[PDB]
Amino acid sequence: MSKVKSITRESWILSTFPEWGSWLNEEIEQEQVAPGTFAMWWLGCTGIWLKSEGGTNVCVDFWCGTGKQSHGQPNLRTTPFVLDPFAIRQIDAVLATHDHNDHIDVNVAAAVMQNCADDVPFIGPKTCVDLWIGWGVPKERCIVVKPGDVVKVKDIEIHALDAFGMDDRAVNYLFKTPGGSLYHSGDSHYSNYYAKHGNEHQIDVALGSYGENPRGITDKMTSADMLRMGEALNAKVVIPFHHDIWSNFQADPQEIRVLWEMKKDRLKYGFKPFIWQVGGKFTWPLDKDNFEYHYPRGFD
């Protein structure tokens, strides 16, 4: 019968996707996080897997949908899939910052629900818990959080903070590990309340939604805002994310670096920028002065 006639569309898709298979699922599993450090992976968009030195695995904003698949905004997904949600086994908590599509996913929920411990909590704002319950997540499996709330997941202390009434909609997270803290801001705009968090907490690595806003739209932070956030949070490292995912929001992360160079001495910036790549790993504090990530080029 030959191959050019026995092959169907379904047979191609289901043997090719996701792009990375379970390579990163395995890498995360095999990672031994040294004392005094923490490890994290960029999962696309605002998705971050976080692993403390105690071995605690935390997943925040992991999204596995796509953009426009037909003509029937031109938002097309420009990043591949680095992590297979259905290959996830070890997990200690699933988190969401807000209920916007790019941040919360049914497939991630379904995957965890089928394959993981009947004990893994789904942590998010009221509207996210609402959205989870509707997909079939039991209410007892959910932890509703609002600004001020502190959730202890093993050695990872999760602080829910203000995002920019709205206490139902969105939160920012500060992940306190024994090796360092991670600030995750979701799809938030720039707010002066970043400075409040910088005054009340020690923040090491800060993540913020970067992207090129189309004419007449403001949904992402600019290159200048990225630096203002780093200054306000008193961070040591500022990493842009979210700029990877959408065709129409395609942005140059180098803008952040160039402005940083111009402003760092005059404004006494106490942080460095760092340009990540999707699927890539970051280790605090080992990678803090690196500036630019590159994938493993080969073992050799």
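For every residue, the number given is its place in the sequence shown, counted from 1.
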According to the entry, are there none, 1 to 3, 4 to 9, or 10 or more residues of the deposited sequence without coordinates between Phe164 and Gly165?
10 or more
Per the entry, how many residues of the deposited chain go unmodelled between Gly72 and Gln73: none, 1 to 3, 4 to 9, or 10 or more?
10 or more
Of 192-200 and 75-83, the one with larger mean CA B-factor
192-200
Identify the stretch, either 235-243 or 27-35, whose C-alpha atoms have the larger mean B-factor according to the entry.
27-35
Determine which member of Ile88, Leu207, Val171, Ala93 has the highest CA B-factor, using the values in the deposited entry.
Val171
